[PDB]
Amino acid sequence: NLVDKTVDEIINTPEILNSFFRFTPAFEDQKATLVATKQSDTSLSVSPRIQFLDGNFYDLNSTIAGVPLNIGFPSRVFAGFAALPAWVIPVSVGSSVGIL
Amino acid sequence: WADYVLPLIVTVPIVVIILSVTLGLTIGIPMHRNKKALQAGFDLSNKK
Amino acid sequence: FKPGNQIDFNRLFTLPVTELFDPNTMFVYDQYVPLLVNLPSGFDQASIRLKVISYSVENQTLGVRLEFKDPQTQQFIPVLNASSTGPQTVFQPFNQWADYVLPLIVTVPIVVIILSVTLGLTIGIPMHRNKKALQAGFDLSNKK
């Protein structure tokens with residue numbers, strides 16, 4: 001039932017968006033998170049931020065000595081999100097007035 | 001169950017509207033025809 | 001802190017302000033912090049929270065001050081740049097509504113029922129009289 005939330009709430013709720021992937025570490029206690037990016041009013045994209053052997057996190061924008069690494073992490077799209085229920089009172093009044 | 005309260009608020013008025021419009025048309029259409037038949041009948045009575 | 005044009009008041013104030021904070025210590029619960037304060041990407045959300053400083057439930061309004069971990073010290077500090085009123089702000093519902101949707105589900109069908117019954121009686125009562133008048137008229141025509 002996440003579809004009834006705005007993309008902005010989903011984007012500011014990193015525990016929700018850790019539930020968008022399952023991660024298998026190559027070495028014990030290697031960690032990973034998804035960075036979210038708004039794509040439309042109804043969709044987002046996510047890309048992993050993953051620790052290497054040196055304890056540091058790398059993602060699409062990582063550099064060494066200022067040179068982009070361009071490692072090749074994926075971007076995955078999630079879509080279908082709607083606006084939150086601010087409309088309920090005006091709408092059920094409209095329906096009643098219409099019926100009347 | 002119980003997820004459905006917000007769509008029930010959408011769905012109930014729509015069904016009522018559809019049922020009301022149908023009821024209106026079902027009563028309304030013959031009432032116009034009855035009137036015309038009555039008039040025609042009286043007109044014919046007067047002619048006879 | 002979020003400016004007043006960025007607040008969706010029904011999301012904050014459909015529940016009373018009475019339980020946004022722990023009564024034992026008057027800090028606001030974590031779920032309301034990102035709803036009231038803007039923070040950068042990758043930020044540690046456990047490092048900042050809001051303290052209640054005055055309120056009134058009959059006006060549904062809450063007044064708060066923010067405290068953040070000092071990067072240099074094992075202690076919390078205020079964030080003085082957080083608003084035009086400094087580290088302190090107030091929030092309010094802008095309009096006076098409540099749980100009125102719950103009786104609306106009782107009231108709407110009742111009015112519809114009353115209006116439907118009245119409509120039925122208003123149409124139904126004359127239709128019976130018309131029938132009788134029509135019959136009487138024909139009966140009289142036949143007699144004449």
# chains A, B, ... in the order shown; residues from 1 in each chain; ligands from 1
call {"tool": "interface_residues", "arguments": {"of": "chain C", "to": "chain A", "cutoff": "9 Å", "atoms": "only C-alpha atoms", "output": "list in words"}}
result
residues 8, 10, 11, 34, 35, 42, 100, 101, 104, 108, 111, 112 and 115 of chain C
call {"tool": "write_last_selection", "arguments": {"atoms": "C-alpha atoms", "output": "PDB file, in the first residue's frame"}}
result
ATOM      1  CA  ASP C   8      -0.015  20.684   4.538  1.00  0.00           C
ATOM      2  CA  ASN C  10      -4.476  18.467   7.631  1.00  0.00           C
ATOM      3  CA  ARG C  11      -1.443  16.028   7.634  1.00  0.00           C
ATOM      4  CA  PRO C  34      11.475  15.606   8.824  1.00  0.00           C
ATOM      5  CA  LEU C  35       7.817  16.822   8.490  1.00  0.00           C
ATOM      6  CA  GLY C  42      23.038  11.528   3.704  1.00  0.00           C
ATOM      7  CA  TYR C 100     -16.249  15.409  10.581  1.00  0.00           C
ATOM      8  CA  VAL C 101     -15.884  12.657   7.860  1.00  0.00           C
ATOM      9  CA  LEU C 104     -20.704  12.418   7.216  1.00  0.00           C
ATOM     10  CA  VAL C 108     -25.359  11.699   4.054  1.00  0.00           C
ATOM     11  CA  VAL C 111     -30.625  12.853   4.188  1.00  0.00           C
ATOM     12  CA  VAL C 112     -30.664  10.842   0.969  1.00  0.00           C
ATOM     13  CA  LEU C 115     -35.154  13.184   0.483  1.00  0.00           C
TER      14      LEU C 115
END
call {"tool": "residues_around", "arguments": {"residues": "residue 61 (chain C)", "least_positions_apart": "6", "cutoff": "9 Å", "atoms": "only C-alpha atoms", "output": "ChimeraX atom specification"}}
result
/C:13,16-17,54-55,90-93
call {"tool": "closest_atom_pairs", "arguments": {"of": "region 20-137 of chain C", "to": "region 7-27 of chain B", "cutoff": "12 Å", "atoms": "only C-alpha atoms", "output": "Markdown table"}}
result
| residue | atom | partner | partner_atom | distance |
| --- | --- | --- | --- | --- |
| C:101 | CA | B:9 | CA | 9.9 |
| C:102 | CA | B:9 | CA | 11.1 |
| C:104 | CA | B:9 | CA | 9.9 |
| C:105 | CA | B:9 | CA | 8.1 |
| C:106 | CA | B:9 | CA | 11.7 |
| C:108 | CA | B:13 | CA | 9.8 |
| C:109 | CA | B:13 | CA | 9.7 |
| C:112 | CA | B:16 | CA | 9.5 |
| C:113 | CA | B:16 | CA | 11.2 |
| C:116 | CA | B:20 | CA | 9.7 |
| C:119 | CA | B:24 | CA | 11.6 |
| C:120 | CA | B:23 | CA | 11.5 |
| C:123 | CA | B:27 | CA | 10.4 |
| C:124 | CA | B:27 | CA | 11.6 |
| C:127 | CA | B:27 | CA | 11.6 |
call {"tool": "residues_around", "arguments": {"residues": "residue 52 (chain C)", "least_positions_apart": "4", "cutoff": "9 Å", "atoms": "only C-alpha atoms", "output": "number ranges by chain"}}
result
C: 21, 26-28, 62-66
call {"tool": "write_last_selection", "arguments": {"atoms": "C-alpha atoms", "output": "mmCIF file, in the first residue's frame"}}
result
data_model
loop_
_atom_site.group_PDB
_atom_site.id
_atom_site.type_symbol
_atom_site.label_atom_id
_atom_site.label_comp_id
_atom_site.auth_asym_id
_atom_site.auth_seq_id
_atom_site.Cartn_x
_atom_site.Cartn_y
_atom_site.Cartn_z
ATOM 1 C CA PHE C 21 5.767 14.408 22.258
ATOM 2 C CA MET C 26 8.593 17.077 26.131
ATOM 3 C CA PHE C 27 10.787 16.111 23.131
ATOM 4 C CA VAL C 28 8.734 15.565 19.928
ATOM 5 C CA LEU C 62 2.571 23.799 19.077
ATOM 6 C CA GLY C 63 5.700 25.939 19.799
ATOM 7 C CA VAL C 64 9.167 24.336 19.579
ATOM 8 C CA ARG C 65 12.992 24.756 19.724
ATOM 9 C CA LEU C 66 15.527 22.485 17.882
#
call {"tool": "closest_residue", "arguments": {"among": "A:10, A:55, A:1, A:65", "to": "chain B", "atoms": "only C-alpha atoms"}}
result
A:1
call {"tool": "residues_around", "arguments": {"residues": "residue 45 (chain A)", "least_positions_apart": "3", "cutoff": "7 Å", "atoms": "only C-alpha atoms", "output": "list in words"}}
result
residues 36, 37, 38, 39, 75, 76, 77 and 78 of chain A
call {"tool": "select_by_dssp", "arguments": {"residues": "chain A", "states": "strand (DSSP E)", "output": "VMD selection string"}}
result
chain A and resid 32 to 40 43 to 51 57 to 58 63 to 64 67 to 68 76 to 79
call {"tool": "atom_distance", "arguments": {"atom1": "CA of residue 60 (chain C)", "atom2": "CA of residue 6 (chain C)"}}
result
18.3 Å
call {"tool": "atom_distance", "arguments": {"atom1": "CA of residue 61 (chain A)", "atom2": "CA of residue 34 (chain A)"}}
result
13.4 Å
call {"tool": "select_by_dssp", "arguments": {"residues": "chain A", "states": "alpha helix (DSSP H)", "output": "list in words"}}
result
residues 7, 8, 9, 10, 11, 14, 15, 16, 17, 88, 89, 90, 91, 92, 93, 94, 95, 96, 97, 98 and 99 of chain A
call {"tool": "write_last_selection", "arguments": {"atoms": "C-alpha atoms", "output": "PDB file, in the first residue's frame"}}
result
ATOM      1  CA  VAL A   7       7.215  10.215  -3.805  1.00  0.00           C
ATOM      2  CA  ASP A   8       8.662  12.895  -1.390  1.00  0.00           C
ATOM      3  CA  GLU A   9       7.668  10.921   1.750  1.00  0.00           C
ATOM      4  CA  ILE A  10       9.031   7.701   0.097  1.00  0.00           C
ATOM      5  CA  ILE A  11      12.263   9.689  -0.764  1.00  0.00           C
ATOM      6  CA  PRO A  14      15.424   5.558   3.878  1.00  0.00           C
ATOM      7  CA  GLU A  15      14.140   2.450   5.829  1.00  0.00           C
ATOM      8  CA  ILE A  16      11.223   2.152   3.282  1.00  0.00           C
ATOM      9  CA  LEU A  17      13.692   2.338   0.400  1.00  0.00           C
ATOM     10  CA  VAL A  88     -11.535  13.800   1.168  1.00  0.00           C
ATOM     11  CA  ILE A  89     -13.788  16.492   2.786  1.00  0.00           C
ATOM     12  CA  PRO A  90     -14.274  18.639  -0.433  1.00  0.00           C
ATOM     13  CA  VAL A  91     -14.871  15.420  -2.483  1.00  0.00           C
ATOM     14  CA  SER A  92     -17.488  13.780  -0.168  1.00  0.00           C
ATOM     15  CA  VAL A  93     -19.275  17.166   0.127  1.00  0.00           C
ATOM     16  CA  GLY A  94     -19.266  17.363  -3.721  1.00  0.00           C
ATOM     17  CA  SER A  95     -20.692  13.927  -4.031  1.00  0.00           C
ATOM     18  CA  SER A  96     -23.420  14.692  -1.465  1.00  0.00           C
ATOM     19  CA  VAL A  97     -24.321  18.008  -3.170  1.00  0.00           C
ATOM     20  CA  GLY A  98     -24.396  16.272  -6.544  1.00  0.00           C
ATOM     21  CA  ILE A  99     -26.639  13.511  -5.162  1.00  0.00           C
TER      22      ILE A  99
END
call {"tool": "closest_residue", "arguments": {"among": "A:18, A:31, A:87, A:72", "to": "chain B", "atoms": "only C-alpha atoms"}}
result
A:87
